[PDB]
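Have a look at the structure below, then the notes.
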Amino acid sequence: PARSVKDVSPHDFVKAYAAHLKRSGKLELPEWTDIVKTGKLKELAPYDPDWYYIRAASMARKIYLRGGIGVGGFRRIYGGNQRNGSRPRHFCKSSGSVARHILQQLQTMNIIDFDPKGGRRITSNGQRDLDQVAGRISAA
Amino acid sequence: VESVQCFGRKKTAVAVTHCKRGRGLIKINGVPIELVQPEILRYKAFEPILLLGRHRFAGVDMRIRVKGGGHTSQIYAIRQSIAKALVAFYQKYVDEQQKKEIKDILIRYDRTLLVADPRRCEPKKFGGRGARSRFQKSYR
Amino acid sequence: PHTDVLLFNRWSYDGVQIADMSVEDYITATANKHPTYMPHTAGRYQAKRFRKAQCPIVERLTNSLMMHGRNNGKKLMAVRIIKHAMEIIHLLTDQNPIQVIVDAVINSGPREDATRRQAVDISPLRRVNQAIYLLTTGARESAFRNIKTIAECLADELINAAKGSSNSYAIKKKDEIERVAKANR
Amino acid sequence: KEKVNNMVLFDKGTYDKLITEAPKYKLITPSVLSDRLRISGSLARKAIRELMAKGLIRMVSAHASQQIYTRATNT
Amino acid sequence: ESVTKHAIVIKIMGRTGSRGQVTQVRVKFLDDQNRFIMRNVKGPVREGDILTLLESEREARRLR
Amino acid sequence: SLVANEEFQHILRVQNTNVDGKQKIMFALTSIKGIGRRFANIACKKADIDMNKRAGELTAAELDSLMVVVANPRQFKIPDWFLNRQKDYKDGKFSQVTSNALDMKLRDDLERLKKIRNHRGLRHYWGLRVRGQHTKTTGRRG
Amino acid sequence: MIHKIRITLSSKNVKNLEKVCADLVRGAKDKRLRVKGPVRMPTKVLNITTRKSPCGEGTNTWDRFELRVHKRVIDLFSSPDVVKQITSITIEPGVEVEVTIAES
Amino acid sequence: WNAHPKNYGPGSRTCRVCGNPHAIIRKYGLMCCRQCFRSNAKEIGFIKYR
RNA sequence: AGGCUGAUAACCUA
RNA sequence: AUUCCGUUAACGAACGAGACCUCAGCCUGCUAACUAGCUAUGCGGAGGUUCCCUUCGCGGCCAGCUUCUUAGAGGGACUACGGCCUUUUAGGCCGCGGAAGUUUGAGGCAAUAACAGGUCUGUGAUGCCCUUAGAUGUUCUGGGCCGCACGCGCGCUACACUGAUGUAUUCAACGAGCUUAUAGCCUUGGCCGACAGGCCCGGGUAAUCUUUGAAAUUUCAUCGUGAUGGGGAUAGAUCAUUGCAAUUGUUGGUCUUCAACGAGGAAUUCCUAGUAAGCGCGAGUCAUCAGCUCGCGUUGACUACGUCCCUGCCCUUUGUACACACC
RNA sequence: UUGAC
Ligand SMILES: [K+]
Ligand SMILES: [K+]
Ligand SMILES: [K+]
Ligand SMILES: [K+]
Ligand SMILES: [K+]
Ligand SMILES: [K+]
Ligand SMILES: [K+]
Ligand SMILES: [Mg+2]
Ligand SMILES: [Mg+2]
Ligand SMILES: [Mg+2]
Ligand SMILES: [Mg+2]
Ligand SMILES: [Mg+2]
Ligand SMILES: [Mg+2]
Ligand SMILES: [Mg+2]
Ligand SMILES: [Mg+2]
Ligand SMILES: [Mg+2]
Ligand SMILES: [Mg+2]
Ligand SMILES: [Mg+2]
Ligand SMILES: [Mg+2]
Ligand SMILES: [Mg+2]
Ligand SMILES: [Zn+2]
C-alpha cells in the first residue's frame with residue numbers, strides 16, 4: 001500500500017512531522033515561546049520544550065484535512081474547559097497569538113495559503129510535504 | 001453499479017455504509033477501520049468482520065460516513081451499518097441462501113447488529129434537574 | 001464445546017467451567033452461553049426479572065467499577081481496568097483469567113444471611129450479585145489513597161478470592177455475613 | 001498512620017538489589033517496585049526504563065495509566 | 001453437625017416478612033429426591049433454580 | 001535509574017527559607033514566598049537549569065543563578081506583566097518581591113490605607129471582608 | 001425569457017398552508033410550467049416558558065407555550081406576469097405569500 | 001425633570017399591556033409582563049401541547 | 001446548639 | 001382506574017378515568033428538494049505502481065437519484081399469535097415473531113365539593129378606608145435593599161492516582177440573532193496583542209451567515225501518598241472591558257498569596273432505564289453580571305420486579321360523649 | 001343519619 005495522512009495514526013504523524021519542521025530550520029520561533037501559556041484556561045506553560053513545533057505540525061494536519069479554518073477556528077480547536085475555583089467549569093478559547101504566528105510561519109514555508117472564501121488552505125507543496133512524511137512512518 | 005447504502009442508528013448517531021463491488025476496502029470517513037478511535041471500542045466495530053470473517057468482505061468495498069451522536073454511539077451505529085450493508089448486498093447481488101447464512105450468524109451473536117436500539121433521552125420536567133430526579137425537599 | 005470468540009481477542013472461553021450447581025445458571029462465562037469479544041454491550045438487562053443473569057460476568061464486574069459518583073458512566077475506563085487486571089492475573093497465576101474470575105465470584109458469594117433477625121437462605125442470583133459487589137468494594141477500598149493502582153488491587157482481590165484465602169476483602173465479609181447468620185439460627 | 005519515606009534517588013545498596021532481585025519478579029510495575037524497594041513512583045518509572053534498556057525485563061502491557069512488565073526469561 | 005446440601009426449588013409459596021423481603025419456597029433435596037421441606041429465601045428466586053443449605057434440619061413455618 | 005552521590009542535599013536554605021531537596025527544582029522553589037509555579041518555571045528556563053532534576057542535585061553555583069534571575073527579572077527579559085509588584089506605589093518600578101520583602105510590602109499597603117482612613121483600610125483593621133462579599137452567612141469563625 | 005421565480009409561503013396552520021401549496025403547484029401544472037417544490041423548511045418552534053402563578057406562592061409550576069411556524073418554498077420557471085396570474089388567486093387566511101425573483 | 005438616563009435597565013422598559021416594569025418578556029419582541037402574556041397567550045397564537 | 005414533632009414535653013446527637 | 005365481568009330493587013343516564021392532543025421510537029414504501037444531501041461522472045491537487053488504485057478539492061437547474069437530512073400524507077400493535085392459569089367470563093403469566101408487547105415511552109388537558117391557602121406589590125380588575133400641593137402623587141441628587149457575635153433552608157467546589165497537570169486526539173442536541181445610523185443583534189475572516197482586549201473587510205432579518213459549531217472521555221508524558229503539582233477560600237499589586245457613574249471590590253485578565261477540608265454525628269432527600277449519577281451546551285434575566293431556573297444532548301450504571309413494617313392514600317365493616325370534627 | 005377520627 002501507499003500511506004497518506006489519513007492512513008497513519010494521528011499521534012504518530014504529529015510526532016514525525018514536528019521533528020520534520022524542527023529539522024528543516026525554516027520556522028522562526030517568537031521571543032515569547034518559553035514564557036507564554038496556550039490560553040487563559042491553562043494553569044502552566046507547556047511541558048514539552050518543542051511544543052511550538054508540535055502545535056505547528058498539528059495545525060498543518062488540520063488544514064490538510066479541512067480548508068477554510070481561521071485563527072478564531074483554531075482558538076476553539078485548542079480551547080477546552082476552564083476551571084473557575086468554586087464555580088462550574090465552562091468552555092474557553094485558546095491563544096490567538098500562538099495560532100496566528102504559527103499560521104504566518106507555515107505560509108512563508110508555502111505549506112498553506114489564503115483560501116479565497118476565508119481562512120487558510122493547504123497548498124500543493126503542503127500536500128506533498130505532509131504525505132511524504134506519512135509514507136516514511138514505520139508501520140505500527 | 002452493484003452498490004447498496006444501509007444506515008445504522010444509536011441514539012442520535014447515524015452511520016451510512018456505501019457497499020459496492022470491490023476488493024475488500026473498509027474505511028470510515030476516509031480512514032481505514034483498523035484505526036477506529038477509541039482503541040478499546042475498536043473490538044465492537046470489528047465484530048461483524050470477526051464474526052463473519054474477512055473472506056466474506058473480500059469482494060466488496062465499504063466506505064462509511066457517520067454523523068451525530070458521540071464517541072460510543074457512533075461505533076454502534078457504524079457497527080450496525082456494516083452488518084446491514086453486507087446483508088443487503090448479499091440479498092441483492094449474491095444469493096438468498098448466503099444472505100440467510102450470514103444473517104443467522106449476526107443475529108445469534110447480537111440482535112443489535114441488525115435491529116436499532118429505540119432508546120432515546122427522556123425530556124426534563126420542571127421541579128427537578130433530571131427526567132425523574134426531583135429537587136431536594138426540606139420541611140423545617 | 002469450542003468457540004472462536006476470544007475475550008479482548010486474548011482470552012479463550014474454552015475450558016472455562018462453573019463448578020457450582022447453585023450459581024451455574026446465573027454466571028455467563030462459558031463458551032456455550034453467548035461468549036463476547038468485549039465486556040461492553042449496550043444491553044437492556046433491566047427490562048425483566050432474572051434478565052441480568054444473561055449479562056456476561058466480566059461485564060457485570062465492569063459495571064460495578066463505575067463507582068463512586070466521580071466515576072459514574074466512565075465505562076471506557078472500567079473496561080480498561082478489567083482488561084489490565086486480567087493481564088496481571090495471567091502473569092501471577094499462570095491461569096486463564098476468565099476461570100479465575102468465576103472462581104472468585106463462586107467463593108465470595110454468601111450462602112446464608114439474617115433478616116427481620118433469623119437466618120434465611122440466599123438465592124443464587126443474589127449470591128452472584130453480592131459476590132460482584134464485595135469483590136469491587138474491596139478493590140476500590142485498597143486502591144483509595146494508595147500508590148497501588150486500581151487494576152493491581154482488583155487483580156489481587158480476585159486472585160485471593162479465587163483461592164479462597166482470607167486475605168481477600170470479599171472472603172472476610174462473606175465469613176462475617178455467614179457468621180452472623182449462624183448466630184441467628 | 002505513619003508517613004512513607006520513599007527515596008527519590010537510589011543508593012548503592014538499593015540499586016544492586018534492583019538489578020539482582022527485580023528481574024526475578026513475575027509482575028513488575030511502578031507500584032510493585034515502589035513498595036518493595038521503598039522508592040518513589042517517579043524513581044520506579046525511570047528504573048523500569050533502565051531495566052528495559054538492559055534487556056532484563058520484557059513488556060506485557062503499555063498504557064499511560066498502567067504499565068505492566070515481567071521477567072524476560074521465566075525462572 | 002451441619003452438612004451442606006443442595007435442593008431445587010419446586011414451588012414459590014409467596015413473599016413473606018415484615019417488608020416482603022423474604023420468599024418461602026418448597027425445595028426437594030437432590031441427594032434424596034423423596035424429601036421436601038420449606039425454606040425462607042432472601043433475594044430474587046424462581047422455580048427450578050438450586051439453593052445451598054448450610055444446615056438442612058430446619059424447616060420454615062408456613063406463612064412465617 | 002541513577003544513584004545519588006554524596007553531594008546530594010536533603011535540605012537547602014534560600015532567602016531564609018527551607019527548600020526541600022527531594023522536590024523537583026521547579027516545585028522546590030515555590031516554598032519561597034513570592035515565587036509561584038509560573039515564576040519558578042520561567043526562572044529555571046532563564047537560568048538554563050535542567051528542570052528534570054531534584055533540588056538537592058543542584059550545585060551551590062546553580063542554586064545562586066536562580067536567585068539572580070528572581071532579583072533582576074528585566075535583565076533576563078522577563079516581561080513586566082509577569083511580576084507580582086508592577087508599577088510600585090512609591091517608586092513606580094516593576095519587580096518580583098519575595099520572602100520578607102513581600103511581607104513588608106503587604107504591611108505597607110494596609111498601613112497606607114488605614115492611615116488615610118480609607119474604607120478598605122478600615123475593613124482590614126476591623127477584620128472584615130474587603131472585596132464586596134456578603135458577610136451575613138459565610139466567614140463565621142468567631 | 002424563462003426565469004426561476006421563487007414563492008415563499010409561511011403560516012401557523014399546516015392544513016391551510018398545504019392547501020395553498022397544492023393550489024399553486026396544481027395551478028402551474030395546468031400551464032405546463034416547470035415546478036420545483038414545495039420544499040418544506042424545518043418548522044420553527046417559538047417557545048415561551050413562564051410561571052403559571054401570578055404571585056410566587058405554591059408549587060412552582062410552568063406553562064410551556066409554543067407557536068409553530070411552517071415555511072414552504074416553491075420555484076416556478078416562467079415569466080413574472082404568468083406567476084403574478086397564478087398567485088393572484090385568493091389565498092387562505094393566515095398564509096403569507098411572498099413572490100421574489102430568485103437571484104440564482 | 002426626568003433627566004436621569006433611561007437608555008437601558010428595567011426602568012426603561014415596561015409592559016406594553018399594563019405598564020408594569022417587572023417580569024417583562026422580551027423574547028421575540030413580545031414586551032409583555034409574564035402575567036399579561038399568560039392571559040393573552042391564546043390570542044397571540046401561543047398554545048400548550050406538552 | 002442541632003435534630004426529631006404541625007407545635008410543646010419526652011427522646012436522640014454534639 | 002367507580003376498569004370491566006357479573007351480582008342485583010333498581011332502570012337509564014351525566015361527569016371524572018379511558019378516549020383524546022403534542023413530542024419520541026419503525027417505513028430502502030408515497031410526495032420532492034441549488035436554503036438538505038448522496039452516488040456516478042468530468043477536471044484538478046497529492047501519494048503509490050501511462051492505464052490502474054487510494055485520497056482530497058471544484059463544476060454540472062440537461063448525470064442520476066432520495067439511502068442518509070427535512071416534513072407532509074398515510075401505514076404500523078390489536079396483546080394479534082402460541083402455551084398455561086382463571087367461571088362459559090372479565091382478565092393474567094410466559095414465549096415466538098416484531099421498530100415497538102408496561103394503557104410502547106414521556107408529557108399536555110383534567111370532576112364534584114372545598115381552604116377565610118397565596119396574590120390589592122402584574123393589571124386604566126376592584127368595594128370601602130386613608131392621603132392628595134410644608135402630598136403616601138411625581139421627579140432629581142445621595143445612601144439602603146448586600147450592612148454581621150449567631151441559627152436554618154436550596155446549592156456550587158472539594159477532600160485526589162478510577163486523580164491533577166501538560167500534550168496529542170476527537171464525537172452532540174435543543175435553541176438564539178440587527179434600527180444600519182461609520183455602527184446598536186449573532187458574529188466568520190484578516191491584522192495587532194502574552195492574556196484581557198482592539199482595528200479593518202465582511203456575512204446573516206436566517207435549513208442560506210455565525211454554525212467548519214462542546215465537555216466528560218480517548219491518548220502519551222510528568223507528578224508519587226507528602227494537604228502534595230489534591231483544594232482554591234482569603235488577600236496584595238496591576239491591566240482591560242460595560243456604563244452617565246464601578247468605591248461597599250459589576251465582570252474579565254496577569255503575577256503573587258495558598259485557609260478549612262483526609263469522605264462528614266443525630267438526622268434526612270431524590271430516584272426503577274437511556275433512568276440515577278457524571279459531562280458540558282442553549283435559552284430566560286441581560287448595557288455589564290449565573291454558583292439560579294427552563295430546556296438540550298453526551299457518557300451511562302447498581303438494585304427491585306416486592307410489601308404494608310414506617311409515612312400516607314382509597315374502599316368495606318365496626319366503635320364513638322368528636323361535627324371548630326383527635327391539633 | 002351523614003361525616004371525621
Ligand atoms: K480542545
Ligand atoms: K461573617
Ligand atoms: K484523482
Ligand atoms: K391581583
Ligand atoms: K384595593
Ligand atoms: K409584572
Ligand atoms: K485565588
Ligand atoms: Mg511560593
Ligand atoms: Mg457586596
Ligand atoms: Mg428517506
Ligand atoms: Mg402517523
Ligand atoms: Mg380533581
Ligand atoms: Mg389568609
Ligand atoms: Mg434582597
Ligand atoms: Mg428550589
Ligand atoms: Mg490545583
Ligand atoms: Mg462536530
Ligand atoms: Mg498545596
Ligand atoms: Mg446586579
Ligand atoms: Mg432567580
Ligand atoms: Zn403586564
Side-chain angles (χ1 to χ4, degrees), chain A residues 2 4 6 10-11 14 32 35-36 40 43-44 46-48 54 58 66 68-70 72-73 81 85-88 91 97 118-119 124 127-128 131 135, chain B residues 5 7 12 14 16 30 37-38 68-72 74 116 118-124 126 131-134 136-138, chain C residues 46 49 63 66 69 71-73 75-77 81 145 147 150, chain D residues 3-4 40-42 64, chain E residues 15 18-20, chain F residues 27 34 36 38-39 81-87 106 109 119 131-132 134-136 142, chain G residues 18 37 39-42 49 54-55 57-58 62, chain H residues 1-5 8 18 20 22 33 35-36 48-50:
Chain A
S4 297
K6 282 169 166 292
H11 301 309
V14 168
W32 42 254
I35 305 173
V36 301
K40 70 185 179 65
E43 295 184 8
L44 301 177
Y47 294 176
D48 201 79
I54 296 167
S58 170
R66 190 211 301 163
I69 311 173
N81 251 6
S86 282
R87 291 165 66 190
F91 177 85
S97 285
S124 297
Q127 274 170 311
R128 177 179 307 98
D131 279 352
Chain B
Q5 278 177 120
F7 64 82
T12 67
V14 189
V16 183
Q37 302 290 57
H71 291 138
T72 298
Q74 282 201 349
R119 293 181 289 175
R120 296 295 194 278
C121 286
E122 184 177 330
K124 175 198 179 290
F126 63 80
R132 305 293 173 91
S133 166
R134 303 291 80 190
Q136 184 175 59
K137 190 179 187 180
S138 54
Chain C
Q46 305 304 343
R49 200 189 184 201
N63 286 323
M66 292 194 293
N71 301 317
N72 287 156
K75 188 153 186 176
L76 292 185
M77 177 164 62
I81 294 166
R145 296 188 86 201
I147 189 76
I150 184 62
Chain D
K3 288 187 181 182
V4 191
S40 66
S42 181
Chain E
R15 302 293 285 269
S18 47
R19 291 131 158 190
Chain F
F27 296 84
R38 275 283 280 158
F39 202 97
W81 53 267
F82 204 86
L83 305 176
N84 68 0
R85 196 75 185 182
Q86 301 174 35
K87 186 165 133 177
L106 180 57
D109 287 326
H119 177 258
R131 295 194 166 178
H134 296 181
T135 59
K136 180 176 185 171
Chain G
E18 298 291 303
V39 188
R40 315 187 214 274
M41 304 291 94
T49 303
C55 66
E57 186 277 336
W62 298 80
Chain H
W1 189 265
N2 276 115
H4 191 63
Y8 58 76
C18 73
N20 196 251
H22 301 275
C33 78
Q35 287 93 359
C36 288
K48 288 157 55 56
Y49 301 100
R50 58 173 175 75

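Below, chain A is the first sequence line, B the second, and so on; all start at residue 1. Basis for what follows: all heavy atoms, side chains included, without hydrogens, waters or symmetry-related copies.
Nucleic acid contact for H:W1: base, since at least one base atom lies under 4.0 Å from a heavy atom of the residue. At a threshold of 4.0 angstrom between heavy atoms, the contacts of B:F7 include nucleobase atoms, whether or not backbone atoms are also involved. Residue-level contact check: F:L83 touches the bases, meaning some heavy atom is under 4.0 Å from a base atom. The residue C:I147 sits close to a base: some heavy atom pair falls under 4.0 Å. Across all strands, C:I150 comes closer than 4.0 Å to base atoms (heavy-atom distances). Counting non-hydrogen atoms under 4.0 angstrom, E:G20 reaches the backbone sugars and phosphates but no base. Using a 4.0 Å heavy-atom criterion, one finds that B:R134 contacts the sugar-phosphate atoms exclusively. Backbone-only engagement by A:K40 is indicated by non-hydrogen atom pairs under 4.0 Å involving sugar-phosphate atoms exclusively. Backbone-only engagement by B:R132 is indicated by non-hydrogen atom pairs under 4.0 Å involving sugar-phosphate atoms exclusively. Across all strands, F:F82 comes closer than 4.0 Å only to sugar-phosphate atoms, never to a base (heavy-atom distances).
Distances shown here put a side-chain N or O of F:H119 below 4.0 Å from the OP1 or OP2 atom of J:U248. Dashed line: the shortest gap from a side-chain N or O of F:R131 to OP1 or OP2 of J:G236 is under 4.0 Å. Contact between the side-chain N/O atoms of B:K124 and the OP1/OP2 oxygens of J:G295 is found at a separation under 4.0 Å. Look at A:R87 and you won't find any side-chain N or O under 4.0 angstrom from OP1 or OP2 of J:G155.
Remark: the C:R49 side chain and the J:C305 base include no donor-acceptor N/O pair separated by less than 3.5 Å. Side-chain atoms of H:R50 and base atoms of J:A106 include no donor and acceptor less than 3.5 Å apart.
Consecutive Watson-Crick or G-U pairs involving RNA chain I, each under 3.5 Å on both distances, make up stems of three or more pairs at I:1-3 with I:11-13.
The nucleotide whose nearest atom lies closest to any side-chain atom of F:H134 is, among J:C146, J:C255, J:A221, J:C146. Considering only the side chain of A:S97, J:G193 comes nearest among J:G274, J:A106, J:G193.
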TODO: Let me have a per-nucleotide readout for nucleotides 36-43 of chain J, 5' to 3', with B, S or -, counting only protein heavy atoms under 4.0 Å.
DONE: --SSS---

Open item on the list: So if I define the base as every atom that isn't primed, P, OP1 or OP2, how would nucleotides 204-214 of chain J read as a B/S/- string at a heavy-atom cutoff under 4.0 Å?
Closed with: ---B----BSS

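No Watson-Crick or G-U wobble pair joins J:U268 and J:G76 with the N1-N3 or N1-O2 distance and the second distance both under 3.5 Å.
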